[PDB]
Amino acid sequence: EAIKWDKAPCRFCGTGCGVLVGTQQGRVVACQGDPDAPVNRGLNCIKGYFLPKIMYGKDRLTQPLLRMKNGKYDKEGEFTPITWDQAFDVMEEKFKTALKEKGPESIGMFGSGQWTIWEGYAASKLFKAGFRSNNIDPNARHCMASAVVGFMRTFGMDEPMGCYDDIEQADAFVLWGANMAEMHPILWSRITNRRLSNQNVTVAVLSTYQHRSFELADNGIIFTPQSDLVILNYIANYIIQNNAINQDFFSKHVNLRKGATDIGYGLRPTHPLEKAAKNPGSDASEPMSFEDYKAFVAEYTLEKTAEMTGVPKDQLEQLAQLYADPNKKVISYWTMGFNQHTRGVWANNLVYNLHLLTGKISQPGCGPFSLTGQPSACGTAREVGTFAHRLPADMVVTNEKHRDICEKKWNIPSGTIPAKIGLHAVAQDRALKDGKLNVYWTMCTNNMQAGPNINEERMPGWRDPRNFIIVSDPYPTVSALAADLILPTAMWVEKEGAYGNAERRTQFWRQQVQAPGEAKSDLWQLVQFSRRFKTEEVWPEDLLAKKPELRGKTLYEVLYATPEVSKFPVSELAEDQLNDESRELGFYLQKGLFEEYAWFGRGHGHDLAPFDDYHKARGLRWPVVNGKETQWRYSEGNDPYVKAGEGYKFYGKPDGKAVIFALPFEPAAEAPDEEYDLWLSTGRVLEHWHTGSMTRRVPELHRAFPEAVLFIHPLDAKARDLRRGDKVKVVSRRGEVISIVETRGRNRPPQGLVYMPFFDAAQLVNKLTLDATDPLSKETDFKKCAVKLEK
């Protein structure tokens, strides 16, 4: 009857604040900053604050709903309650018919950086090892794919080599389009402490519009969309021009390559920009001489930079001067500005160069730090490998040796994991539209609302009668309402969980409460489904002839209830500890999966701690080796994978050196023209998360920001007969929405640029956006398209 408090990471942004959750009488009634979490040390943003309301939204789903018409499934039918048994019958039949008629390629899953590590792992096994389809792709394809491809190109291993502790040791902070004041508030406040308490510290904030992070900027810069590539190249030039190359670091630790150019925009091949492409979608590169490079960036003159970006010459020099100064510990930060960008991989590589020329990396207070938006985009989506090309621990389906390790460990026949790359996020949109993808299960995502260009591909595809759409969600979203089967899902602290944040910190949480009705977690869903299939129904005969001891076995027995996954008995759980899945299946399912999964990366640079260690700690940052977590990767002393006297080893590349890539500016896919005269950028707002399905179900979050507005410059409204408060129609070549004029909000765009958040389900901004992606990462450029306003 006293409140019970236990740790969990925050359900929201990638900062990964530690939280103490208070339960009483089967409800979460209180939630506070965990004092002893090193991330936030008790601090909290308004979203973390309202965590106890997110589960008690008004219309939680409690029951599977199928579209039905006199007693049977119908695409045009009315959502009607059916049992779990019946929901799996229909799913069983749908998957089994697709496998029969077009095979594994006609079946797909759309997963999430909001999945629990084990949910991600289970899903991958189901799809890759069970059904033999790589058509599993996440959330995170809209988000971190560009930073990930960037890491792989520059370092050969994923994820940052610094940590949040760099904040209170930095001399200078450069945010490359990150609105950290709103999207990483706990980081911001820590930066704010650093800045405000120390006069020799500088803060540069570059953005496409003025926002709340400008408040703390010594060097506040507004540039033109895409022009960051110019600035990035310019600073590199400046460093050379000013003899600021750290020679010693440069000599032992860097290679130079030139990247392939004129790569298109990851649109349908029929599209003008694809036909016009020279090297469409190529990530190819060749070794490059130093003077080749020096000539390359010499094109990027202070004068040209100023023109191409609209930013004052002296401000560009103040900025490049921070990188060049040999005594300035610098942190570089970026988020979707760099990542949701048609040359975002290039962006990523381009910013690394800056750090790599100057030797500013893998040291306390000093490093390039790719921020992550989602709570477990890193720990789940990226580390487990819930992508179409992926296997655990940075491994690729494309590599026969990688396939071998996984097939051997999982104890499935040789050759069962498929070698062909599956369909990425936007490609799944395109395949659905085409009737090529006929069975499609979405989990822990709101893609009808979050994915780009709704009208053109996704809505017609989802609604196509050749297709069967399944969504698992705690709430009836835009996505759920567009589906054919809705599966009611356990959320956050209604299950045992694990999330991995932006600084490689893995954080566990015990189950504290129980889901309403018959809501089950994604882990239950996936694992109970696996029992509906026999090996002979998913694997070809001559795969079975390699291990005939698996004939007549279900994907359940084969992927989840193996002696290995089930080593761990329920007696290991505390007597009064909730764990619906494990208590049902009679073994500690989360740990067995975790311990089989951790195996891949242990001893290969990705080391996860013993399962049970995370249940004690307020998280651990990997590699965790002999009890000891890693704060800085790739530097001697800090990382146990660097030998004595090496100084720096980037052991992700065969030869241990990081790679600088010379890459040009290329223009955004769609810029303003005569008709569509304004830039449109999109993103978030402090008080809302993503599509708002959770935060809008919080009375007071809704009351702080009830509707999406359109942030517009006074004179752009003036010139259009639009006044603050006016109803306004925003129109692109792809669709339209009706919003409200805001000339005096927190975001003040320069003239010519309009900005709009996507949380509001009545104002679907992704009816406007262009599904052009970085052709290398396949990440959609949500930040940049052309638009017009009518009254």
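Position 1 is the first residue in the sequence shown; the rest follow in order.
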Q. Hey, which bit's got the bigger mean C-alpha B factor in the entry, 659-667 or 345-353?
A. 659-667
Q) Would 175-183 or 490-498 have the larger average of its C-alpha temperature factors, as given in the entry? A) 175-183
(Q) Quiz for you: based on the deposited Cα B-factor, which of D429, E503, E549, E581 is highest? (A) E549
Q: In terms of CA temperature factor as recorded, identify the highest of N446, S227, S370, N327.
A: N327
Q.
How does the C-alpha B factor of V625 compare with the rest of the chain: lowest, middle or highest third?
A. highest
**Q.** Chain third (lowest, middle, highest) by recorded CA B-factor, residue given as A2
**A.** highest
Q.
Splitting the chain's C-alpha B-factors into thirds, which one does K304 fall into?
A. highest
Q) Ranked by Cα temperature factor within the chain, is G103 in the lowest third, the middle third or the highest third? A) lowest
**Q.** Ranked against its chain, the third holding the CA B-factor of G337
**A.** lowest
